[PDB]
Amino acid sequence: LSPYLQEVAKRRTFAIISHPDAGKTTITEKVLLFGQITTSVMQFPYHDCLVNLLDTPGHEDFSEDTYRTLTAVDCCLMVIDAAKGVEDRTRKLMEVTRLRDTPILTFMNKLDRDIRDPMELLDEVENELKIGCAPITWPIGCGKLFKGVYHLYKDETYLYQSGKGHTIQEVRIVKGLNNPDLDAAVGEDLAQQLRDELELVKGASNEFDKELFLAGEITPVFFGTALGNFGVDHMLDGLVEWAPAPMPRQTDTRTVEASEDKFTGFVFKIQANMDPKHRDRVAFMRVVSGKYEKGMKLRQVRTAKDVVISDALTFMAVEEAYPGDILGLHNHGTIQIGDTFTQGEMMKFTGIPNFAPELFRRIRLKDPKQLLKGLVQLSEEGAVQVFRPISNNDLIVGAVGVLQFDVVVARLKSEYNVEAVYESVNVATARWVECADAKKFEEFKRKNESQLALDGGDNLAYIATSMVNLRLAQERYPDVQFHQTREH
């Protein structure tokens, strides 16, 4: 209990992972009224804690930076549409999460409307996402018949009042599971069905365990409706109680704890499109340790220069930050994704990655050609990834979300003189390739040369025609490693 450590102990940093249309926007909004650009990251008080919520843009905004945002959090909330179950992007974002086995909290949403069998929703999570479920609450009816939820550990029933949503409902609680007031509130039909279903839950599901939760191996499961603002506070109570305070982060040199003074942090995201009053392209940095104050002098390790940061975007609940918080650095071409910042100590954080792009095309000028110089530089920042096959001169751009393609053409025109045009190519993914046996490694290069390419950072990567072709290369050259991810 020493003022600075007090501020570290009470912070909780998380982001939502969800499929588009599942309810991130609705539940984020409701989360904020329980706490009483800025949308990027929002800090609010809840109970005795200070909670940092990072946006994970999933619509037209979707990009590789959405994935990288998850590297900068210590906890995620998986929001599932309880009518649709586990969807594609749900699976993709959990995938990203397994890089650090980040703890997950689950919120089954849209209980206003009819849903899939809740026991099946649990099943779906376990068999598809490889994580145990632990129901904390359990729904009592659904649709027009949604009456509320039951807490398995507090032995009580929260009662749902329809048509609230834009306020915080009155909390109404019946205490016994076997209290006849539960039957009077909900009907004996749904009260008996609760009791029978809890029996199946005990027989086929898992008790909550804080240890496994922190190891990324179970998740508490909450049921509610974000539109009607019910059960969101139930999930925030788990968040506060169970999610970690600012966790450590690994470096090339050592493990950095948040309990250290000395400011320390890394950049995980750079805003696409420069608007504000200039080209700020705000670089978002996660504070790993120490306190940022306004006039402070930091070390940009990449360039080995001292930078005074007088203006720094802050997302308060004035102009300070503690570990767990996010900072927006003003950037005019000097910051890059993965840039570490300290107060002199020269080391590099080692979590911030480059994911296998999910979308590809060939870039090309309608002539002639410093287009290469421009893609390599955009690649050094966050903008995109480029691939230069060994056997030819083509340039292949690799994005995660379509938006990135448009951004490259614009920035190529403005910051470099080039006018660039896209062309379809046959590429389904890439994998960075690696082999400690020089003899087997060169035999692999020789026999697969037509599918091999170089990064904008000179890392060798197999460019796969289809996933079937990737599985073939993998199984025929088992001594070679195919990585879906690499350090940026």
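When you see a residue number, it is the position in the sequence shown, counting from 1.
The modelled chain breaks between residue 368 and residue 369, where 1 to 3 residues of the deposited sequence lack coordinates. A chain break between residue 168 and residue 169 is not present, all residues of the deposited sequence in that interval being modelled. The deposited model assigns a higher average Cα B-factor to 292 to 300 than to the other stretch when 292 to 300 and 148 to 156 are compared.
When 158 to 166 is weighed against 209 to 217, 158 to 166 comes out higher, by mean CA B-factor as recorded in the entry. As recorded in the entry, 373 carries the highest CA temperature factor of 110, 373, 100, 286. Of the candidates 137, 342, 331, 404, the one whose C-alpha carries the top B factor in the deposited record is 331.
Sort the chain's modelled residues by C-alpha temperature factor and residue 34 lands in the highest third, per the entry.
Looking at the C-alpha B-factors along this chain, the one for residue 455 belongs to the middle third. Remark: residue 65 belongs to the lowest third of its chain, ranked by C-alpha B-factor as recorded.
Residue-level temperature factors show residue 230 in the lowest third of its chain, judged at the C-alpha atom. In the deposited entry, the Cα temperature factor of residue 222 places it in the lowest third of its chain's modelled residues.
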